[PDB]
$ cat target07.cif   # mmCIF, C-alpha atoms
data_structure
#
loop_
_atom_site.group_PDB
_atom_site.id
_atom_site.type_symbol
_atom_site.label_atom_id
_atom_site.label_comp_id
_atom_site.auth_asym_id
_atom_site.auth_seq_id
_atom_site.Cartn_x
_atom_site.Cartn_y
_atom_site.Cartn_z
ATOM 1 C CA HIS A 41 -98.868 -0.931 -17.345
ATOM 2 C CA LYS A 42 -102.390 0.527 -16.941
ATOM 3 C CA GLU A 43 -104.361 -2.756 -17.195
ATOM 4 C CA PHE A 44 -101.890 -4.626 -14.925
ATOM 5 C CA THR A 45 -101.983 -1.829 -12.311
ATOM 6 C CA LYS A 46 -105.857 -1.987 -12.382
ATOM 7 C CA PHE A 47 -105.638 -5.799 -11.738
ATOM 8 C CA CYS A 48 -102.951 -5.276 -9.037
ATOM 9 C CA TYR A 49 -105.099 -2.845 -7.044
ATOM 10 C CA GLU A 50 -108.180 -5.179 -7.472
ATOM 11 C CA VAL A 51 -106.151 -8.140 -6.032
ATOM 12 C CA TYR A 52 -104.558 -5.889 -3.339
ATOM 13 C CA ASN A 53 -108.044 -4.850 -2.044
ATOM 14 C CA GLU A 54 -109.070 -8.555 -1.811
ATOM 15 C CA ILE A 55 -105.889 -9.869 -0.035
ATOM 16 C CA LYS A 56 -105.318 -6.982 2.488
ATOM 17 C CA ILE A 57 -106.471 -7.199 6.189
ATOM 18 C CA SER A 58 -109.932 -5.778 6.776
ATOM 19 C CA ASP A 59 -110.408 -2.910 9.276
ATOM 20 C CA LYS A 60 -112.800 -5.300 11.130
ATOM 21 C CA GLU A 61 -110.062 -7.989 11.442
ATOM 22 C CA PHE A 62 -107.473 -5.338 12.440
ATOM 23 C CA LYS A 63 -109.682 -3.966 15.283
ATOM 24 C CA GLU A 64 -110.306 -7.597 16.482
ATOM 25 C CA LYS A 65 -106.486 -8.159 16.791
ATOM 26 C CA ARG A 66 -106.022 -4.731 18.502
ATOM 27 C CA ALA A 67 -108.859 -5.609 20.967
ATOM 28 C CA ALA A 68 -107.205 -9.033 21.642
ATOM 29 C CA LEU A 69 -103.865 -7.281 22.382
ATOM 30 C CA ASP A 70 -105.541 -4.962 24.973
ATOM 31 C CA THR A 71 -107.106 -8.017 26.738
ATOM 32 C CA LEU A 72 -103.687 -9.849 26.866
ATOM 33 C CA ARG A 73 -101.956 -6.626 28.108
ATOM 34 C CA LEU A 74 -104.404 -6.556 31.096
ATOM 35 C CA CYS A 75 -103.374 -10.167 31.896
ATOM 36 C CA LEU A 76 -99.677 -9.183 31.968
ATOM 37 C CA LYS A 77 -100.509 -6.075 34.105
ATOM 38 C CA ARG A 78 -101.935 -8.192 37.010
ATOM 39 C CA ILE A 79 -98.812 -10.471 37.122
ATOM 40 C CA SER A 80 -96.027 -7.959 36.144
ATOM 41 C CA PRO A 81 -97.042 -4.278 36.671
ATOM 42 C CA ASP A 82 -93.870 -2.831 35.062
ATOM 43 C CA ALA A 83 -93.699 -5.128 31.964
ATOM 44 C CA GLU A 84 -95.167 -3.991 28.589
ATOM 45 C CA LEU A 85 -96.612 -6.163 25.789
ATOM 46 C CA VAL A 86 -95.576 -4.620 22.429
ATOM 47 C CA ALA A 87 -96.848 -5.824 19.019
ATOM 48 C CA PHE A 88 -94.457 -6.357 16.078
ATOM 49 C CA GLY A 89 -94.438 -7.940 12.596
ATOM 50 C CA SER A 90 -96.902 -7.576 9.652
ATOM 51 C CA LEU A 91 -99.878 -6.254 11.706
ATOM 52 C CA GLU A 92 -97.727 -3.483 13.278
ATOM 53 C CA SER A 93 -95.964 -2.411 9.989
ATOM 54 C CA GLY A 94 -99.314 -2.596 8.139
ATOM 55 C CA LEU A 95 -97.902 -5.145 5.658
ATOM 56 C CA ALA A 96 -100.464 -7.771 6.825
ATOM 57 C CA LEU A 97 -102.489 -10.147 4.584
ATOM 58 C CA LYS A 98 -106.044 -11.132 5.636
ATOM 59 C CA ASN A 99 -106.251 -13.878 8.378
ATOM 60 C CA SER A 100 -102.672 -13.068 9.539
ATOM 61 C CA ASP A 101 -101.151 -14.333 12.803
ATOM 62 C CA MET A 102 -100.302 -11.999 15.703
ATOM 63 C CA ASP A 103 -96.691 -11.479 16.917
ATOM 64 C CA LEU A 104 -96.162 -9.990 20.383
ATOM 65 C CA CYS A 105 -93.210 -9.314 22.674
ATOM 66 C CA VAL A 106 -93.064 -8.873 26.483
ATOM 67 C CA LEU A 107 -90.476 -6.196 27.363
ATOM 68 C CA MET A 108 -89.002 -5.815 30.901
ATOM 69 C CA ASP A 109 -86.081 -4.195 32.917
ATOM 70 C CA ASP A 115 -87.236 -13.814 35.324
ATOM 71 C CA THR A 116 -89.998 -16.400 36.265
ATOM 72 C CA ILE A 117 -92.586 -13.862 34.792
ATOM 73 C CA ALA A 118 -92.395 -15.778 31.429
ATOM 74 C CA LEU A 119 -94.005 -19.035 32.787
ATOM 75 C CA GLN A 120 -96.087 -17.011 35.337
ATOM 76 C CA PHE A 121 -97.735 -15.077 32.432
ATOM 77 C CA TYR A 122 -98.539 -18.381 30.550
ATOM 78 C CA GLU A 123 -100.326 -19.932 33.580
ATOM 79 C CA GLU A 124 -102.424 -16.715 34.075
ATOM 80 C CA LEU A 125 -103.424 -16.880 30.346
ATOM 81 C CA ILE A 126 -104.567 -20.564 30.628
ATOM 82 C CA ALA A 127 -106.522 -19.371 33.748
ATOM 83 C CA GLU A 128 -108.130 -16.512 31.724
ATOM 84 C CA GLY A 129 -109.651 -18.998 29.192
ATOM 85 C CA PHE A 130 -106.909 -18.887 26.474
ATOM 86 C CA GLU A 131 -105.606 -22.194 25.012
ATOM 87 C CA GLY A 132 -101.957 -22.768 24.114
ATOM 88 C CA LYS A 133 -98.514 -24.143 25.047
ATOM 89 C CA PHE A 134 -95.311 -22.815 26.742
ATOM 90 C CA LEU A 135 -92.060 -23.779 25.000
ATOM 91 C CA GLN A 136 -88.551 -22.873 26.167
ATOM 92 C CA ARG A 137 -85.336 -23.699 24.269
ATOM 93 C CA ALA A 138 -82.215 -22.952 26.416
ATOM 94 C CA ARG A 139 -83.146 -19.493 27.875
ATOM 95 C CA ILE A 140 -85.579 -18.409 25.107
ATOM 96 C CA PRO A 141 -89.268 -18.870 26.158
ATOM 97 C CA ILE A 142 -92.204 -18.765 23.683
ATOM 98 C CA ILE A 143 -95.992 -18.859 24.240
ATOM 99 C CA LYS A 144 -97.996 -20.293 21.305
ATOM 100 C CA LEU A 145 -101.748 -19.547 21.677
ATOM 101 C CA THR A 146 -104.341 -21.631 19.735
ATOM 102 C CA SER A 147 -107.880 -20.620 20.946
ATOM 103 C CA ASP A 148 -110.233 -18.580 23.248
ATOM 104 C CA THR A 149 -113.305 -19.876 25.222
ATOM 105 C CA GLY A 152 -114.749 -14.322 22.683
ATOM 106 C CA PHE A 153 -111.884 -13.744 20.159
ATOM 107 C CA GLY A 154 -111.654 -17.496 19.411
ATOM 108 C CA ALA A 155 -111.955 -20.338 18.475
ATOM 109 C CA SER A 156 -109.724 -19.946 15.351
ATOM 110 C CA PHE A 157 -107.570 -17.289 17.135
ATOM 111 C CA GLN A 158 -103.769 -17.599 16.712
ATOM 112 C CA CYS A 159 -101.140 -15.538 18.622
ATOM 113 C CA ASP A 160 -97.387 -15.822 19.356
ATOM 114 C CA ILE A 161 -95.691 -14.183 22.396
ATOM 115 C CA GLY A 162 -91.921 -13.758 22.628
ATOM 116 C CA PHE A 163 -89.726 -12.366 25.414
ATOM 117 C CA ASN A 164 -87.294 -9.431 24.995
ATOM 118 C CA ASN A 165 -87.031 -9.873 21.151
ATOM 119 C CA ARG A 166 -86.038 -6.139 20.830
ATOM 120 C CA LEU A 167 -84.321 -6.422 17.374
ATOM 121 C CA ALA A 168 -87.588 -7.757 15.818
ATOM 122 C CA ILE A 169 -89.473 -4.661 17.154
ATOM 123 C CA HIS A 170 -86.829 -2.430 15.495
ATOM 124 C CA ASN A 171 -86.989 -4.197 12.052
ATOM 125 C CA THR A 172 -90.810 -3.563 12.226
ATOM 126 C CA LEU A 173 -90.141 0.194 13.028
ATOM 127 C CA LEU A 174 -87.955 0.428 9.885
ATOM 128 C CA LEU A 175 -90.587 -1.216 7.608
ATOM 129 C CA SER A 176 -93.380 0.874 9.278
ATOM 130 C CA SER A 177 -91.471 4.115 8.376
ATOM 131 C CA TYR A 178 -91.015 3.015 4.710
ATOM 132 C CA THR A 179 -94.796 2.136 4.548
ATOM 133 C CA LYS A 180 -95.548 5.724 5.723
ATOM 134 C CA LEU A 181 -93.133 7.206 3.070
ATOM 135 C CA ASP A 182 -94.806 5.764 -0.083
ATOM 136 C CA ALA A 183 -98.303 4.381 -0.695
ATOM 137 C CA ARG A 184 -96.955 1.990 -3.387
ATOM 138 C CA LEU A 185 -94.963 -0.117 -0.848
ATOM 139 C CA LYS A 186 -97.927 -1.620 1.095
ATOM 140 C CA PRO A 187 -99.784 -3.005 -2.060
ATOM 141 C CA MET A 188 -96.503 -4.163 -3.713
ATOM 142 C CA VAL A 189 -95.321 -6.065 -0.556
ATOM 143 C CA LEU A 190 -98.748 -7.770 -0.109
ATOM 144 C CA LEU A 191 -98.825 -8.750 -3.827
ATOM 145 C CA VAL A 192 -95.251 -10.211 -3.708
ATOM 146 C CA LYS A 193 -96.169 -12.021 -0.399
ATOM 147 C CA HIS A 194 -99.393 -13.398 -1.972
ATOM 148 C CA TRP A 195 -97.488 -14.513 -5.130
ATOM 149 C CA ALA A 196 -94.668 -16.207 -3.077
ATOM 150 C CA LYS A 197 -97.265 -17.994 -0.867
ATOM 151 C CA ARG A 198 -99.363 -19.205 -3.880
ATOM 152 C CA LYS A 199 -96.282 -20.277 -5.908
ATOM 153 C CA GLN A 200 -95.005 -22.414 -2.925
ATOM 154 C CA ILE A 201 -91.754 -20.398 -2.458
ATOM 155 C CA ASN A 202 -92.675 -18.990 1.030
ATOM 156 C CA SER A 203 -91.609 -22.063 3.105
ATOM 157 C CA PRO A 204 -88.382 -21.434 5.179
ATOM 158 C CA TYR A 205 -88.764 -24.960 6.645
ATOM 159 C CA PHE A 206 -88.784 -26.365 3.052
ATOM 160 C CA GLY A 207 -85.705 -24.662 1.521
ATOM 161 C CA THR A 208 -87.328 -21.410 0.348
ATOM 162 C CA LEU A 209 -87.507 -17.789 1.662
ATOM 163 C CA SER A 210 -89.405 -16.189 4.585
ATOM 164 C CA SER A 211 -92.044 -13.422 4.089
ATOM 165 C CA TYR A 212 -89.557 -10.926 5.673
ATOM 166 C CA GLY A 213 -86.981 -12.148 3.130
ATOM 167 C CA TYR A 214 -89.275 -11.000 0.276
ATOM 168 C CA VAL A 215 -90.033 -7.664 2.076
ATOM 169 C CA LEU A 216 -86.236 -6.913 2.160
ATOM 170 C CA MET A 217 -86.011 -8.106 -1.508
ATOM 171 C CA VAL A 218 -88.716 -5.508 -2.370
ATOM 172 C CA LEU A 219 -87.048 -2.719 -0.277
ATOM 173 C CA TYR A 220 -83.594 -3.357 -1.768
ATOM 174 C CA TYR A 221 -85.082 -3.042 -5.278
ATOM 175 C CA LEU A 222 -87.026 0.193 -4.446
ATOM 176 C CA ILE A 223 -84.038 1.855 -2.649
ATOM 177 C CA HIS A 224 -80.876 0.702 -4.503
ATOM 178 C CA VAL A 225 -81.993 -0.828 -7.857
ATOM 179 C CA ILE A 226 -84.852 1.260 -9.433
ATOM 180 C CA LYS A 227 -83.938 4.658 -10.939
ATOM 181 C CA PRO A 228 -85.120 7.179 -9.836
ATOM 182 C CA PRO A 229 -85.263 5.424 -6.419
ATOM 183 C CA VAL A 230 -88.716 5.252 -4.747
ATOM 184 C CA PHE A 231 -87.055 5.502 -1.296
ATOM 185 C CA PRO A 232 -83.847 6.819 0.295
ATOM 186 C CA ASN A 233 -81.707 4.614 2.561
ATOM 187 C CA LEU A 234 -82.826 5.768 6.055
ATOM 188 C CA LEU A 235 -80.011 3.710 7.695
ATOM 189 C CA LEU A 236 -77.280 5.533 5.687
ATOM 190 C CA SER A 237 -78.898 9.056 5.932
ATOM 191 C CA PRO A 238 -76.497 11.800 7.206
ATOM 192 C CA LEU A 239 -79.206 12.636 9.841
ATOM 193 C CA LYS A 240 -79.073 9.004 11.166
ATOM 194 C CA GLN A 241 -77.794 8.566 14.752
ATOM 195 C CA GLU A 242 -76.327 5.305 16.194
ATOM 196 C CA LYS A 243 -78.597 3.379 18.606
ATOM 197 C CA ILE A 244 -77.133 0.101 19.901
ATOM 198 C CA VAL A 245 -79.763 -2.476 20.913
ATOM 199 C CA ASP A 246 -78.650 -6.078 21.819
ATOM 200 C CA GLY A 247 -75.155 -5.323 20.409
ATOM 201 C CA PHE A 248 -76.526 -4.017 17.063
ATOM 202 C CA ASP A 249 -77.016 -0.548 15.518
ATOM 203 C CA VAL A 250 -80.826 -0.167 15.062
ATOM 204 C CA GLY A 251 -80.591 3.576 14.200
ATOM 205 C CA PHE A 252 -82.184 5.192 11.102
ATOM 206 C CA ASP A 253 -83.649 8.632 10.074
ATOM 207 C CA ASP A 254 -87.208 8.396 11.500
ATOM 208 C CA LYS A 255 -88.061 12.155 10.941
ATOM 209 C CA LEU A 256 -90.081 11.242 7.786
ATOM 210 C CA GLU A 257 -91.894 14.630 7.640
ATOM 211 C CA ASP A 258 -88.611 16.332 6.509
ATOM 212 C CA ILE A 259 -87.824 13.646 3.827
ATOM 213 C CA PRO A 260 -88.539 15.076 0.310
ATOM 214 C CA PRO A 261 -91.138 13.267 -1.907
ATOM 215 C CA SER A 262 -90.090 10.481 -4.318
ATOM 216 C CA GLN A 263 -88.752 11.535 -7.714
ATOM 217 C CA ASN A 264 -90.029 8.156 -9.093
ATOM 218 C CA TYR A 265 -93.554 8.467 -10.577
ATOM 219 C CA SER A 266 -93.973 4.863 -11.899
ATOM 220 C CA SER A 267 -97.245 2.902 -11.362
ATOM 221 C CA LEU A 268 -97.651 -0.124 -9.039
ATOM 222 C CA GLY A 269 -97.873 -2.377 -12.144
ATOM 223 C CA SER A 270 -94.636 -1.019 -13.642
ATOM 224 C CA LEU A 271 -92.845 -1.249 -10.233
ATOM 225 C CA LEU A 272 -93.841 -4.942 -9.927
ATOM 226 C CA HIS A 273 -92.881 -5.764 -13.570
ATOM 227 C CA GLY A 274 -89.408 -4.279 -12.866
ATOM 228 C CA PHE A 275 -88.993 -6.150 -9.506
ATOM 229 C CA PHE A 276 -89.716 -9.526 -11.152
ATOM 230 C CA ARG A 277 -87.519 -8.758 -14.223
ATOM 231 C CA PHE A 278 -84.595 -7.684 -11.913
ATOM 232 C CA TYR A 279 -84.512 -10.773 -9.674
ATOM 233 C CA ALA A 280 -85.325 -13.125 -12.631
ATOM 234 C CA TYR A 281 -82.546 -12.034 -14.966
ATOM 235 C CA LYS A 282 -80.199 -9.410 -13.452
ATOM 236 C CA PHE A 283 -79.529 -10.426 -9.798
ATOM 237 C CA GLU A 284 -76.701 -13.021 -9.436
ATOM 238 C CA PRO A 285 -76.891 -14.640 -5.936
ATOM 239 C CA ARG A 286 -73.529 -16.478 -6.487
ATOM 240 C CA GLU A 287 -71.797 -13.016 -6.549
ATOM 241 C CA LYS A 288 -73.924 -10.450 -4.648
ATOM 242 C CA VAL A 289 -75.472 -9.749 -1.221
ATOM 243 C CA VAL A 290 -78.823 -7.891 -0.846
ATOM 244 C CA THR A 291 -77.743 -5.096 1.544
ATOM 245 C CA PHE A 292 -78.959 -1.865 3.213
ATOM 246 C CA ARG A 293 -75.467 -0.974 4.524
ATOM 247 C CA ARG A 294 -73.851 0.205 1.208
ATOM 248 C CA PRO A 295 -74.714 3.613 -0.404
ATOM 249 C CA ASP A 296 -74.677 2.113 -3.951
ATOM 250 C CA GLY A 297 -76.171 -1.221 -2.720
ATOM 251 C CA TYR A 298 -73.052 -2.953 -4.140
ATOM 252 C CA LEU A 299 -71.721 -5.677 -1.806
ATOM 253 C CA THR A 300 -70.046 -8.832 -3.050
ATOM 254 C CA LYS A 301 -70.112 -12.177 -1.106
ATOM 255 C CA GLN A 302 -66.265 -11.848 -1.104
ATOM 256 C CA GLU A 303 -66.366 -8.456 0.753
ATOM 257 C CA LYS A 304 -68.956 -9.756 3.298
ATOM 258 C CA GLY A 305 -67.095 -13.107 3.664
ATOM 259 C CA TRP A 306 -70.361 -15.008 2.927
ATOM 260 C CA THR A 307 -68.751 -17.422 0.374
ATOM 261 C CA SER A 308 -68.722 -20.716 2.450
ATOM 262 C CA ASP A 322 -75.167 -21.191 7.932
ATOM 263 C CA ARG A 323 -76.125 -21.449 4.193
ATOM 264 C CA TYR A 324 -75.182 -18.560 1.856
ATOM 265 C CA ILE A 325 -77.015 -19.841 -1.334
ATOM 266 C CA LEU A 326 -79.116 -16.600 -1.258
ATOM 267 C CA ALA A 327 -77.442 -13.738 0.681
ATOM 268 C CA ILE A 328 -79.876 -11.216 2.243
ATOM 269 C CA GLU A 329 -78.022 -9.211 4.900
ATOM 270 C CA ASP A 330 -80.448 -8.180 7.746
ATOM 271 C CA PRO A 331 -80.471 -4.324 8.049
ATOM 272 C CA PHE A 332 -79.778 -4.246 11.818
ATOM 273 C CA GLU A 333 -78.494 -7.776 12.781
ATOM 274 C CA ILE A 334 -75.868 -7.646 9.929
ATOM 275 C CA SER A 335 -74.282 -10.999 11.075
ATOM 276 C CA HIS A 336 -77.576 -12.804 10.137
ATOM 277 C CA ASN A 337 -78.499 -13.861 6.600
ATOM 278 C CA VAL A 338 -82.321 -13.760 6.126
ATOM 279 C CA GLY A 339 -81.868 -16.133 3.138
ATOM 280 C CA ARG A 340 -80.088 -18.851 5.237
ATOM 281 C CA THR A 341 -83.247 -21.048 4.884
ATOM 282 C CA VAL A 342 -82.935 -21.030 1.019
ATOM 283 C CA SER A 343 -81.432 -24.309 -0.337
ATOM 284 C CA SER A 344 -79.876 -24.884 -3.803
ATOM 285 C CA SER A 345 -83.062 -26.727 -4.997
ATOM 286 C CA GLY A 346 -85.235 -24.040 -3.384
ATOM 287 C CA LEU A 347 -83.358 -21.163 -5.070
ATOM 288 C CA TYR A 348 -83.977 -22.931 -8.438
ATOM 289 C CA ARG A 349 -87.785 -22.772 -7.719
ATOM 290 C CA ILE A 350 -87.498 -19.086 -6.599
ATOM 291 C CA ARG A 351 -85.481 -18.211 -9.831
ATOM 292 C CA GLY A 352 -87.947 -20.269 -11.958
ATOM 293 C CA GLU A 353 -91.070 -18.567 -10.574
ATOM 294 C CA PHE A 354 -89.436 -15.107 -10.996
ATOM 295 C CA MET A 355 -88.734 -15.827 -14.704
ATOM 296 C CA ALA A 356 -92.322 -17.139 -15.107
ATOM 297 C CA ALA A 357 -93.703 -13.817 -13.733
ATOM 298 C CA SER A 358 -91.434 -11.780 -16.096
ATOM 299 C CA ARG A 359 -92.487 -13.915 -19.121
ATOM 300 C CA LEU A 360 -96.207 -13.408 -18.276
ATOM 301 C CA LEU A 361 -95.901 -9.613 -17.986
ATOM 302 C CA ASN A 362 -94.062 -9.253 -21.350
ATOM 303 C CA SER A 363 -96.681 -11.520 -23.151
ATOM 304 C CA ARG A 364 -97.626 -10.497 -26.733
ATOM 305 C CA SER A 365 -100.890 -12.538 -26.540
ATOM 306 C CA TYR A 366 -103.800 -10.213 -25.660
ATOM 307 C CA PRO A 367 -105.730 -10.114 -23.358
ATOM 308 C CA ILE A 368 -102.898 -11.208 -20.961
ATOM 309 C CA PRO A 369 -104.242 -13.624 -18.221
ATOM 310 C CA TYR A 370 -102.839 -11.780 -15.184
ATOM 311 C CA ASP A 371 -104.748 -14.209 -12.833
ATOM 312 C CA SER A 372 -102.043 -16.906 -13.495
ATOM 313 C CA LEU A 373 -99.579 -14.731 -11.475
ATOM 314 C CA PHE A 374 -101.510 -15.781 -8.311
ATOM 315 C CA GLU A 375 -102.432 -19.337 -9.520
ATOM 316 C CA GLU A 376 -101.599 -21.998 -6.897
ATOM 317 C CA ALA A 377 -98.524 -24.036 -7.960
ATOM 318 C CA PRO A 378 -98.272 -27.800 -6.992
ATOM 319 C CA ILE A 379 -96.674 -28.628 -3.560
#

$ encode --input "target07.cif" --output "structure tokens"
Amino acid sequence: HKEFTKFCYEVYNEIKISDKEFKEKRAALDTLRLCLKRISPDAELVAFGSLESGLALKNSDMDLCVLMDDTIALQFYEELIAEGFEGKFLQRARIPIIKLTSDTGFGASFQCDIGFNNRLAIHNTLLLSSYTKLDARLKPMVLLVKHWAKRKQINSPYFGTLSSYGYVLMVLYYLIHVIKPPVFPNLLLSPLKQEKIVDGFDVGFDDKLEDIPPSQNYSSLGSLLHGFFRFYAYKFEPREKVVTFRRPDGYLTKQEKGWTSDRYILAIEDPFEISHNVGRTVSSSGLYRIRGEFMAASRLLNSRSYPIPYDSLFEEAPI
């Protein structure tokens, strides 16, 4: 996989966030933090998601969280509308959300999403951020899987398919517990790991990355991707197994977890919030499309017709 790896890195460099775009988002965050400072002096606005882990595709949306220690939620929204930003305040039960649309100069096409005390989400981002720092192969691979999923119309949680985070965990599971030699260790199950309970969940992992030995896996990005597709296309049985980060071998049956009868069509156990299935959005019809597109990828990469048209891997599939 020399030619495929060459193609992979070419695509990766086209789809990744530019340093220009990154600095624009970081500048926007500093402006919004100043807004929060004048209304709540002890609250902090922390960034999470793709932009924070570095697993962000160009023209990505911003995900922020206001952390504190009540009315501050709505009070922050009104100060933002006052400071020229355009958006709406939405609250379901006791969970408020700010959805920003524009700016009158980071705008006009400037999207941003602010949450309140979503601590677990910040921790999942810390875990992915650490893995990104461990191996250089993870960032391109994740972006390429994300770009493929998006283009093949299998990245719609609202339409019976999997979330982008779903695919990130699908990649991590493969690189930690499936590939041999593994590309990564399991930082959650490390003997150096210490328990840290946040919102009734253990968010602890070995973050002292400097002391972690280098990977014994020397495979290319192209080879890694060919394996990932082949695994989920032909070896992984979602009617039997759970994608997990809580077993040393990675072996967890749906029987053992009790996820046999939210939807359990595709079982992806969240690393910290273990009660939550990241693949709950995946429907029976949707899984069929996911399985179909995985087999298609495998078929393409084992083609005997040269030169192989690798471009078809990122060809937009009908809606």

$ closest_residue --input "target07.cif" --among "A:88, A:44, A:195, A:121" --to "residue 374 of chain A" --atoms "all atoms listed in the file"
A:195

$ residues_around --input "target07.cif" --residues "residue 241 of chain A" --least-positions-apart "6" --cutoff "8 Å" --atoms "only C-alpha atoms" --output "number ranges by chain"
A: 251-253

$ residues_near_point --input "target07.cif" --point "(-90.6, 6.8, 2.4)" --cutoff "12 Å" --atoms "all atoms listed in the file" --output "PyMOL selection string"
chain A and resi 174-186+219+222-223+229-234+253-264

$ resolve_selection --input "target07.cif" --expression "the PyMOL selection byres ((chain A and resi 145) around 8)" --output "list in words"
residues 130, 131, 132, 133, 143, 144, 146, 147, 157, 158, 159 and 160 of chain A

$ residues_around --input "target07.cif" --residues "segment 349-360 of chain A" --least-positions-apart "2" --cutoff "12 Å" --atoms "all atoms listed in the file" --output "VMD selection string"
chain A and resid 44 192 195 to 203 206 to 210 213 to 214 270 272 to 285 325 to 326 339 342 to 347 362 to 379

$ closest_residue --input "target07.cif" --among "A:108, A:299, A:136, A:217" --to "residue 188 of chain A" --atoms "all atoms listed in the file"
A:217

$ residues_around --input "target07.cif" --residues "residue 45 of chain A" --least-positions-apart "4" --cutoff "9 Å" --atoms "only C-alpha atoms" --output "list in words"
residues 41, 49, 50, 267, 268, 269 and 270 of chain A

$ atom_distance --input "target07.cif" --atom1 "atom CA of residue 289 of chain A" --atom2 "atom CA of residue 301 of chain A"
5.9 Å

$ atom_distance --input "target07.cif" --atom1 "atom CA of residue 119 of chain A" --atom2 "atom CA of residue 79 of chain A"
10.7 Å

$ atom_distance --input "target07.cif" --atom1 "atom CA of residue 140 of chain A" --atom2 "atom CA of residue 212 of chain A"
21.2 Å

$ closest_residue --input "target07.cif" --among "A:243, A:271, A:204, A:171" --to "residue 333 of chain A" --atoms "only C-alpha atoms"
A:171

$ resolve_selection --input "target07.cif" --expression "the PyMOL selection byres ((chain A and resi 109) around 12)" --output "PyMOL selection string"
chain A and resi 80-84+106-108+115+117+163-164

$ decode --input "target07.cif" --residues "segment 188-202 of chain A" --atoms "N, CA and C atoms" --output "PDB file, in the first residue's frame"
ATOM      1  N   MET A 188      -6.049   9.230   9.377  1.00  0.00           N
ATOM      2  CA  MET A 188      -6.987   8.107   9.345  1.00  0.00           C
ATOM      3  C   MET A 188      -8.411   8.537   9.751  1.00  0.00           C
ATOM      4  N   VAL A 189      -8.566   9.203  10.919  1.00  0.00           N
ATOM      5  CA  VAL A 189      -9.873   9.640  11.420  1.00  0.00           C
ATOM      6  C   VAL A 189     -10.537  10.571  10.390  1.00  0.00           C
ATOM      7  N   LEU A 190      -9.811  11.599   9.915  1.00  0.00           N
ATOM      8  CA  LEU A 190     -10.327  12.547   8.933  1.00  0.00           C
ATOM      9  C   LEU A 190     -10.766  11.849   7.647  1.00  0.00           C
ATOM     10  N   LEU A 191     -10.002  10.841   7.188  1.00  0.00           N
ATOM     11  CA  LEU A 191     -10.306  10.104   5.963  1.00  0.00           C
ATOM     12  C   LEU A 191     -11.551   9.228   6.136  1.00  0.00           C
ATOM     13  N   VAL A 192     -11.727   8.602   7.313  1.00  0.00           N
ATOM     14  CA  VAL A 192     -12.909   7.778   7.619  1.00  0.00           C
ATOM     15  C   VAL A 192     -14.144   8.694   7.700  1.00  0.00           C
ATOM     16  N   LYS A 193     -13.992   9.859   8.385  1.00  0.00           N
ATOM     17  CA  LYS A 193     -15.013  10.903   8.556  1.00  0.00           C
ATOM     18  C   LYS A 193     -15.465  11.439   7.209  1.00  0.00           C
ATOM     19  N   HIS A 194     -14.498  11.721   6.305  1.00  0.00           N
ATOM     20  CA  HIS A 194     -14.761  12.229   4.959  1.00  0.00           C
ATOM     21  C   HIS A 194     -15.488  11.175   4.106  1.00  0.00           C
ATOM     22  N   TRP A 195     -15.082   9.898   4.236  1.00  0.00           N
ATOM     23  CA  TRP A 195     -15.689   8.778   3.520  1.00  0.00           C
ATOM     24  C   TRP A 195     -17.147   8.609   3.976  1.00  0.00           C
ATOM     25  N   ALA A 196     -17.378   8.532   5.305  1.00  0.00           N
ATOM     26  CA  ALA A 196     -18.697   8.356   5.931  1.00  0.00           C
ATOM     27  C   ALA A 196     -19.677   9.442   5.483  1.00  0.00           C
ATOM     28  N   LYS A 197     -19.198  10.706   5.493  1.00  0.00           N
ATOM     29  CA  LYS A 197     -19.932  11.909   5.110  1.00  0.00           C
ATOM     30  C   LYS A 197     -20.333  11.822   3.623  1.00  0.00           C
ATOM     31  N   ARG A 198     -19.362  11.508   2.736  1.00  0.00           N
ATOM     32  CA  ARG A 198     -19.583  11.416   1.292  1.00  0.00           C
ATOM     33  C   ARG A 198     -20.460  10.225   0.910  1.00  0.00           C
ATOM     34  N   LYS A 199     -20.384   9.115   1.668  1.00  0.00           N
ATOM     35  CA  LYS A 199     -21.151   7.910   1.353  1.00  0.00           C
ATOM     36  C   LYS A 199     -22.554   7.915   1.986  1.00  0.00           C
ATOM     37  N   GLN A 200     -22.941   9.039   2.630  1.00  0.00           N
ATOM     38  CA  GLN A 200     -24.241   9.275   3.271  1.00  0.00           C
ATOM     39  C   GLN A 200     -24.516   8.232   4.374  1.00  0.00           C
ATOM     40  N   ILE A 201     -23.535   8.031   5.265  1.00  0.00           N
ATOM     41  CA  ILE A 201     -23.660   7.100   6.399  1.00  0.00           C
ATOM     42  C   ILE A 201     -23.215   7.828   7.700  1.00  0.00           C
ATOM     43  N   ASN A 202     -23.272   9.180   7.672  1.00  0.00           N
ATOM     44  CA  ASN A 202     -22.890  10.054   8.781  1.00  0.00           C
ATOM     45  C   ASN A 202     -24.089  10.893   9.278  1.00  0.00           C
TER      46      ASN A 202
END
